[PDB]
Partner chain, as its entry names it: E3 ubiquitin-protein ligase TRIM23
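Take a look at this single chain, the form solved without its partner chain, given in structure tokens.
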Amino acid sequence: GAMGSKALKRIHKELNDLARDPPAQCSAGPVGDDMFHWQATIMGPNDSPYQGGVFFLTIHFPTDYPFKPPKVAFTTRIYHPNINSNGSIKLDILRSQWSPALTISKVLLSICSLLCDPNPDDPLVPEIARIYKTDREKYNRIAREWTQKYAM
């Protein structure tokens, strides 16, 4: 109806803007004939312990989009204070700080920022957040080991 068509035109518009000006290290788009269900790819950022890894995510837009945030999760395992073993992302933009002015492009930028700079003081996985805050050499070691075991 009205609402679903509105969501579709906006998802469509955001897809077009993204393919016309892709990020160098990322990508996102519908898996098949389903514009509400996307896959994304994030290259592990250089200058971080996810270096060299490839991380895949699923994105599900709601019928209320853009007035509700997309649902975004990792399908590649990753060692991170704000990402758990289910792939769930504790990130403000996806919860209380959503705005209909934001986009998937901005969601991807924010997740990359999150990988470069965890939020251990508001953890999703408290033990990883503790190792991050107390022993960054060990956090970096384990994060690189997970990158090699699961994303390379």
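Residue numbers count along the first chain shown, from 1.
When the two stretches 50 to 58 and 29 to 37 are set side by side, the higher mean Cα temperature factor goes to 29 to 37. The entry lists a Cα temperature factor for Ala19 that places it in the highest third of the chain's modelled residues. Split the chain's modelled residues into thirds by C-alpha temperature factor. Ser105 is in the middle one. Annotation for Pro69: C-alpha temperature factor in the lowest third relative to the rest of the modelled chain, per the entry. Among all modelled residues in its chain, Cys116 ranks in the highest third by Cα B-factor.
Placement of the Cα temperature factor of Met43 within the chain: highest third of the modelled residues, per the deposited record.
Below: the form deposited with its partner chain bound, not depicted.
Interface residue remark: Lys133 is not counted as part of the site for its partner chain in the entry with it bound, having no heavy atom within 4.5 Å. For the partner-free chain shown, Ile93, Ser96, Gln97, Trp98, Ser99, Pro100, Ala101 of 93 to 118 come within 4.5 angstroms of its partner chain in the entry with it bound, judged by any non-hydrogen atom.
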